[PDB]
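Two separate entries follow, structure 1 and structure 2, each one form of the same protein chain as structure tokens.
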Structure 1
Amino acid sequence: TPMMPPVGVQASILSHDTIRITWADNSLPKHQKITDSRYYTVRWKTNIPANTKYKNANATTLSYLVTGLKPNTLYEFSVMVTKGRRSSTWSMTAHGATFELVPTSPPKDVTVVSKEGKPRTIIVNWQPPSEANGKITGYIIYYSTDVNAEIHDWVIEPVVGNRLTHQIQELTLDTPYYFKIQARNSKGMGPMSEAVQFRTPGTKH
């Protein structure tokens, strides 16, 4: 015999990894006291891609704390009830997106190449960090001719927005230069890459 599904399903954003789901049961008095053997099952998946697998959990309460979620990620949530051999279809879909977190991984695959026929110019390329934890609002490139120099003495080259390439001109020939890159998002700065070395070309004559 079929059960009516949960109603008024809501998401509460607690952190970058936790969302609280709460709902009502119209087969319970206004006060919502669970006196029965009934148990709710909560399922969730990331909104995109469409074909992702639902993760799920059981609760004896009219709320559930969903954990282990990615920062800055939008999720879909539905609930269902089971009172003994009786069960119900999945409730209305509730949506929630976890907060951003500062990046916790440095920019990946940092490379340097000399610009075509312009030896005093270089092109720097990189990849976004694995743990970006938010919409990347830019990067900061640091360069020095002394790898042992303190970060304050390193030349700051900002990169506005999610750009993965940046050209640096007016460099000195036949010289090792060192490069560190760090990512930024709305919540702050993340770790820096390990310095990559590039020696600018020499002239022939």
Structure 2
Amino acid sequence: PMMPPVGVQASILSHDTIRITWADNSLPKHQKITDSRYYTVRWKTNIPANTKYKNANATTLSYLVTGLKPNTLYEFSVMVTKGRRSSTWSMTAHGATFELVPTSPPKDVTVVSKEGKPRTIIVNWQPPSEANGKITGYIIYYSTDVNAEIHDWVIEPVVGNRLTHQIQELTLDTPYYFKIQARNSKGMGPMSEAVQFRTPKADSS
């Protein structure tokens, strides 16, 4: 049948855009379409599970792929059609999009009293679902005042490769409020909605 396209290349332009380019050997050198042929570009990533390929027809030997996820590895392959004639899918090329500032907050913010140390709390969380890059840190904000302005909250910076943190010297039988935000090489993500935790009191023996 028809010879599949060759030299599929992915040029990274941003966090959501990749330009795909390919060569057609059946075409004169370089690189004039003089017939009714059209190309089909297909792409997907491995996140979330069981995604299907996205497709697009291209009139020439390039295609700009938009609306991609940040810091994501995509696969790309090209095929050619001419009315009745159709080639197979080319060798696959890969391309990873650039990072973007996180666009969603840390999740599942859980606050517990440390066993045997009731003046210590443990803050446990899950990463943002939209990290958009390697998390380089988190920021835990806490206050005894639910209405205090954000700059008046106690700041507790934390590493990005950990999801648990301990805060000591707190007051017993006291309500505390916690907010977390993620950070990457591009900057700060949004803050999670404040979570309340009242510290325990003493049980006299």
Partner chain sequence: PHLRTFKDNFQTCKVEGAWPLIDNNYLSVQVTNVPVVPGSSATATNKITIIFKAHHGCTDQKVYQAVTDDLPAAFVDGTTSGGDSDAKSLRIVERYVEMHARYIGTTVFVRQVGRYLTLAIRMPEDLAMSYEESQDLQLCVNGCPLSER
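Between two forms, the rigid core is the largest collection of C-alphas that superpose within 1.5 Å. Just so we're on the same page, residue numbers count up from 1 along structure 1's sequence. Residues that one form lacks are left out of the comparison.
Engineer: Between the two structures, is it 1 or 2 that corresponds to the form solved in complex with its partner chain?
Structural biologist: Between the two, the form solved in complex with its partner chain is shown as structure 2, not structure 1.
Engineer: Of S37, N58, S63, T52, which is the single residue whose C-alpha shifts by 2 angstroms or more between the two structures after core superposition?
Structural biologist: It is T52.
Engineer: When the two forms are laid on each other by their rigid core, does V160 show a Cα shift of 2 Å or more between the two structures?
Structural biologist: No, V160 moves less than 2 Å.
Engineer: By how many angstrom does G84 shift at its CA between the two structures when the core is held fixed?
Structural biologist: Once the two forms are fitted on their core, the shift reads 1.6 Å.
Engineer: Enter the rigid core superposed C-alpha shift of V110 between the two structures, rounded to one decimal in Å.
Structural biologist: Value for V110 between the two structures: 0.8 Å of C-alpha shift.
Engineer: Provide the ranges, sorted by sequence, of consecutive runs with at least 3 residues in which each Cα shifts 2 Å or more between the two structures, based on a superposition on the core.
Structural biologist: 47-53, 147-153 are the stretches that move between the two structures.
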